[PDB]
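Novice: First residue of the sequence shown: 7, per the numbering used here; consecutive thereafter. For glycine and all other residues, C-beta sits at the position ideal for the given N, C-alpha and C.
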Amino acid sequence: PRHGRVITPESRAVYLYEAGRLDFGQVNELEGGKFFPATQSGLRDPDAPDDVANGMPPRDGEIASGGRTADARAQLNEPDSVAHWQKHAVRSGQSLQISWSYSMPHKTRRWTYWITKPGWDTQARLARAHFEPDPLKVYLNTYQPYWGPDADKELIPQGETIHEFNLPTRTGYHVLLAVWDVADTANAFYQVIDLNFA
Numbered sequence: 007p008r009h010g011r012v013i014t015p016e017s018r019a020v021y022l023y024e025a026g027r028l029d030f031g032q033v034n035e036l037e038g039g040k041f042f043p044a045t046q047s048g049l050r051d052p053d054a055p056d057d058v059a060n061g062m063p064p065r066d067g068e069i070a071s072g073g074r075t076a077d078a079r080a081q082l083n084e085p086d087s088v089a090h091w092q093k094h095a096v097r098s099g100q101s102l103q104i105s106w107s108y109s110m111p112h113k114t115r116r117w118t119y120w121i122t123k124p125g126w127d128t129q130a131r132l133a134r135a136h137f138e139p140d141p142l143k144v145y146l147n148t149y150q151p152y153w154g155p156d157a158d159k160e161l162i163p164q165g166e167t168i169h170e171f172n173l174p175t176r177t178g179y180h181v182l183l184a185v186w187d188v189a190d191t192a193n194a195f196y197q198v199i200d201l202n203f204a
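(1) In the DSSP output, what is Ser17 paired with across the bridge?
(2) Can you tell me whether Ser87 is helix, strand or coil according to DSSP?
(3) State the Cα-Cα distance for the pair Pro55 and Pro64, rounded to the nearest angstrom.
(4) Would DSSP call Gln46 helix, strand or coil?
(5) Is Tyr119 closer than 8 Å to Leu182 when the C-beta atoms are compared?
(6) Three or more C-beta pairs under 8 Å: does that hold for the segment 152 to 172 against the segment 74 to 86?
(7) What is the rounded straight-line gap between the Cα of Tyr179 and the Cα of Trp126?
(8) What does the alpha-carbon distance come out to for the pair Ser105 and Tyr21?
(9) Look at the alpha carbon of residue 205 and the alpha carbon of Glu35, and state the distance between them as a whole number of angstroms.
(10) In three-state terms, what does DSSP make of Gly31?
(11) Within its chain, find whatever has a CB closer than 7 Å to the CB of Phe41; leave out the 5 residues flanking it on each side and keep chain order.
(12) Shortest alpha-carbon distance to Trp117 belongs to which of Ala133, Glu170, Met110?
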């Protein structure tokens with residue numbers, strides 16, 4: 007089993023796990039096509055030409071479950087109007103440390119962090135139109151090709167991945183979408199994090 011999630015601040019799925027509403031596998035398998043916000047499969051990686059081409063990224067309204075809708079992971083896609091997601095109290099400019107944990111981590115091309123626009127329709131199901139077209143932060147692994155002799159050390163996390171950046175200027179409810187792109191598969195892991203800005 008190949009697993010990844012954002013453990014802190016607790017992702018939406020982690021909070022559902024703590025409430026007994028998702029099991030451990032489910033929280034760690036929000037896996038769909040990489041290269042959000044693209045809406046098509048078969049794209050090559052813009053930085054790494056030998057990387058495996060993407061599968062179909064999650065459609066609008068299925069972003070929070072990573073395109074997973076056959077089981078209780080579907081809960082994740084409910085709008086805040088209905089789910090009243092638990093939201094982390096945050097402030098504009100605040101330094102935020104993100105921690106990923108894993109089981110049997112994949113060879114990784116990048117982690118990307120996307121942020122909702124000021125004025126997004128906060129009561130809707132999540133859609134590409136809600137997110138800033140430019141990522142808040144990207145961490146790109148440069149080692150290529152993914153089958154090169156030093157690939158395991160250069161591309162595979164050996165423990166929790168810890169990222170830190172400053173949140174931008176916002177008020178009210180916002181979503182930070184954290185995405186982990188796998189170099190040698192079609193897929194990425196999708197971890198929505200719910201925020202409440204002073």
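Specialist: So, from the listed chains and residues:
(1) Position 11 of the sequence shown, counted from the first residue, corresponds to residue 17. Answer is none; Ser17 lacks a bridge partner.
(2) Within the sequence shown, residue 87 is the residue found at index 81, counting from 1. If DSSP states are grouped into helix, strand and coil, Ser87 belongs with the helices.
(3) Looking up residue 55 in the sequence shown gives position 49. Looking up residue 64 in the sequence shown gives position 58. In this structure, the CA atom of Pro55 is about 22 Å from the CA atom of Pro64.
(4) Your numbering for residue 46 matches position 40 in the sequence shown. Looking at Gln46 - three-state DSSP - the assignment turns out to be coil, as it is neither helix nor strand.
(5) If you number the sequence shown from 1, residue 182 lands on position 176. If you number the sequence shown from 1, residue 119 lands on position 113. With a cutoff of 8 Å on beta-carbon distance, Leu182 and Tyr119 are scored as near each other.
(6) With a cut-off of 8 Å, the segment 74 to 86 and the segment 152 to 172 do not count as touching, because too few Cβ pairs lie within range.
(7) For the purposes of this step, residue 179 is taken as residue 173 along the sequence shown, with counting starting at 1. For the purposes of this step, residue 126 is taken as residue 120 along the sequence shown, with counting starting at 1. Cα to Cα, the separation comes out at about 9 Å.
(8) On the sequence shown, position 99 is the one that residue 105 refers to. On the sequence shown, position 15 is the one that residue 21 refers to. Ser105 and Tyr21 have their C-alpha atoms spaced approximately 15 Å apart.
(9) Given a span of 7 to 204 for the chain in the structure shown, any question on residue 205 remains unanswerable.
(10) Your numbering for residue 31 matches position 25 in the sequence shown. Here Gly31 sits in helix by DSSP.
(11) Translated into the one-based positions of the sequence shown, residue 41 becomes position 35. If the five residues before and after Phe41 are omitted, its C-beta is found closer than 7 Å to the C-beta atoms of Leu49, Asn60, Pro63, all from its own chain and listed in chain order.
(12) By one-based count along the sequence shown, residue 117 stands at place 111. The shortest C-alpha separation from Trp117 is found at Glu170.
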